[PDB]
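For reference, the chain that follows is the form deposited in one PDB entry, supplied as structure tokens.
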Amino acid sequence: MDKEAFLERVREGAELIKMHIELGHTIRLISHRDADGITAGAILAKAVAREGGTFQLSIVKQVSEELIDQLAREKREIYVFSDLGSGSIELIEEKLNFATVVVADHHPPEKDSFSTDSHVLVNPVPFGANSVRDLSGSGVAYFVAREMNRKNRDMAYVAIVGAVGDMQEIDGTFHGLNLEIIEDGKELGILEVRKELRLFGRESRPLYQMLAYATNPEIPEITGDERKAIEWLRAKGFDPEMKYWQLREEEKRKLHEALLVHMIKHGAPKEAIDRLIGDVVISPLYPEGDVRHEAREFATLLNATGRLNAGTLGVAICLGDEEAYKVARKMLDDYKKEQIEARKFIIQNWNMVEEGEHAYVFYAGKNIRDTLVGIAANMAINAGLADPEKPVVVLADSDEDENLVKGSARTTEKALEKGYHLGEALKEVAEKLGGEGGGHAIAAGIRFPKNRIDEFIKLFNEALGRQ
């Protein structure tokens, strides 16, 4: 793999950053949105701060020409790209030749090096490392930070969180330079490698969801069906509502046994089994039951902050800001709280639905958020409250606009046998009201003027009548 040539570029980028830190220049940091990028960005930010330096961080979706030009107009002394930039080398090189740039990334590069000296490409791939299993974005950032100062080895777990988010251990175990980072984490006792269930949700999910949402690999006759999964755990004498971390080591082994036997009974290859049960990274730095205690669950948290326009908050968490974690918790729990509220409202106030000949229409106004309209509809159905043969529509005032109403329609298999098609019906009514609508036969959505709700109820019943 020629580690020494790679380590040479690492040192190149490490000393270059420290040079600007000692010059009192603000280190401009740019990192990718996912878990690999948020962890990578934090590792560099930690390094800068540990040296008494100063940084400004950005969490972006991708490197684009617009972005590079924005950055060039900031006229910074140094730009540090993290988990990004490898495909944008000549771009970066032309528009940022006036400044120092360090690229710490593992994606297949455009070129194997920058033509000028003040631009260094820190990347293991040109030296013979596999982009998807030998080291991740957080990993190369970790090498840089460790060269700057060995103390940054305490970010070893944060580095591995990125690796797992990037699925570097897709086969069930770690490889390449990742192994070195893990050993650093083992020496500082901030991470432990277990042999456990490699599924998501060992800290914050019920066992039956942990199994049903298993895709790598999939669990035959269980993946997809939560009810089948519930039945399965109860039959093997397990609490389907319990969380994996709440099991004893004794109970965990028997869970593994039942799953081993389950896979063998379906003829799964050894490789599939080794992906289901294998390396799981745990950190003593966090209490068991907390999503930060295991790497996959941590990465899932950070991916979430990335998609919620709060990537910099996810970075703060990796840095050790407990208050940031509280922000992230309330942020996620407030949504779960709205989903619960949505189902409460529609069931309690169900005595006020505009039942027509063919459909139920429920207007909730401001009471339910745009996005929760669909699950509200499903609630009325699943409660057995609504006639299963009769489609349900929930309507709520839109957050974006004000004169607008977003709506979603759901129904059943039984109803579809009457020839119903919510997508085609919502299409027709939308066009007539001057809005947008469409979707599948069993589920669809629509947006239209708030002042034509009575007209919608008429048109929607009529549109279903024709089918």
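Under this definition, the rigid core comprises the largest set of C-alpha atoms superposing within 1.5 Å between the forms. The first residue of the shown sequence is 1; numbering continues from there.
- The mean Cα B-factor in the deposited entry runs higher for 379-387 than for the other of 379-387 and 158-166.
- For the pair 298-306 and 226-234, the record assigns the higher mean C-alpha temperature factor to 226-234.
- The entry lists C-alpha B-factors for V281, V394, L372, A72, and the highest of these is at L372.
- Going by the entry's values, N351 shows the largest Cα B-factor out of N351, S82, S136, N123.
- In this PDB entry, the Cα temperature factor of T39 sits in the bottom third of its chain's modelled residues, the lowest group.
- Residue-level temperature factors show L464 in the middle third of its chain, judged at the C-alpha atom.
- Placement of the Cα temperature factor of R452 within the chain: highest third of the modelled residues, per the deposited record.
- When the CA B factors of the chain's modelled residues are split into thirds, the value for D333 lands in the highest one.
- The entry lists a Cα temperature factor for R76 that places it in the lowest third of the chain's modelled residues.
Note that the form deposited in another entry isn't included here; everything after this is about it.
- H358: CA moves 2 Å or more between this form and the one not shown after rigid-core fitting.
- After superposing the rigid core, the C-alpha of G53 moves by less than 2 Å between this form and the one not shown.
- Cα of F345 to Cα of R307: at least 3 Å shorter in that other deposited form than in the shown structure.
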